[PDB]
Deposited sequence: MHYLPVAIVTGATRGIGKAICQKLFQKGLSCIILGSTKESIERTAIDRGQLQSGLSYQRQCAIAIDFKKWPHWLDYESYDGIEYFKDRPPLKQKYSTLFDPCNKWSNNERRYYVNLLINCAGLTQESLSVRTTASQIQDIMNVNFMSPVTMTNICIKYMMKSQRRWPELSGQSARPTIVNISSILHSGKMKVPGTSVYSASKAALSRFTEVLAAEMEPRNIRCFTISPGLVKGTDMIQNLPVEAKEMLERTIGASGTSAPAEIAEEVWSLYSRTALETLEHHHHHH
């Protein structure tokens, strides 16, 4: 049997998540990309790799947490180099792996990147309750559920295909935190954004302590540049930067090395 690693990358329709995905594909993994709508994943779907490499996109709105855990199917699209996009309906996040696998080949998820992110540009007292709900559902609650759904999958896959150990990278989770999550960079306009980033970082550090003995690696990356503007320009000017290409490379570093 040939086991072929797949990565799930949330927030991959554009920005940092798009860089990360390009790297991973360049480096030999198949990709399952997440976007928020049918429209945004149709947009990404319009890159030459090994013949067995595959790419698809799934539409999940992270604001709709926790209801999206219970959707029977998800709208998805498989896309290609030199062949038009294919409408799909996937029963789970791992359904694309099932459909790619054949008598000779087993596709399986071995890497999850939580990169989907919603921003904030308003003072705490001027930020509504639903805005705070959206930010936490996209930046924290959903990433937690993604992480947990994947860890269940990763552990069960490890028990059922024991040969994977020593012939694979260890199942890896990488959550994208922000420089704003701690220290000097306390930027007005971003109180709940930063907190959600603080939550994701801290969740991952504690998860890593739970997971490391079970041989799932859990990392966080903490980047910070391209907002503004979110009072705030005074600190953002007073005080470094990050490239999406640089972050994609660090993600690969963490997985491969």
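According to the record, C-alpha coordinates are lacking for deposited residues 47 to 51, 232 to 237, 242 to 243, 253 to 255, 274 to 286.
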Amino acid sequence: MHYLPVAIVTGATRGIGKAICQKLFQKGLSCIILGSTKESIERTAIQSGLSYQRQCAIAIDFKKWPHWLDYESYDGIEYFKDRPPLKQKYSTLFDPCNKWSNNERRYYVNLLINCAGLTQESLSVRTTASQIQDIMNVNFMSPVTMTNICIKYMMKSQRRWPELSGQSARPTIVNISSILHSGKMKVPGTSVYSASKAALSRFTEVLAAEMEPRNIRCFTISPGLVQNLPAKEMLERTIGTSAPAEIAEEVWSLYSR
From here on, numbers count along this sequence of modelled residues.
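A summary of the deposited B-factors shows that, of 159 to 167 and 113 to 121, the stretch with the larger mean C-alpha value is 159 to 167. If you average the C-alpha B-factors over 212 to 220 and over 190 to 198, the higher value belongs to 212 to 220.
The residue among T204, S36, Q53, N228 whose C-alpha atom has the highest B-factor in the PDB entry is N228.
In the deposited entry, the Cα temperature factor of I20 places it in the middle third of its chain's modelled residues.
Ranked against the other modelled residues of its chain, the C-alpha B-factor of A45 as given in the entry falls in the highest third. Looking at the C-alpha B-factors along this chain, the one for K232 belongs to the highest third.
The deposited CA B-factor of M185 belongs to the highest third of values across its chain.
Remark: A243 belongs to the highest third of its chain, ranked by C-alpha B-factor as recorded.
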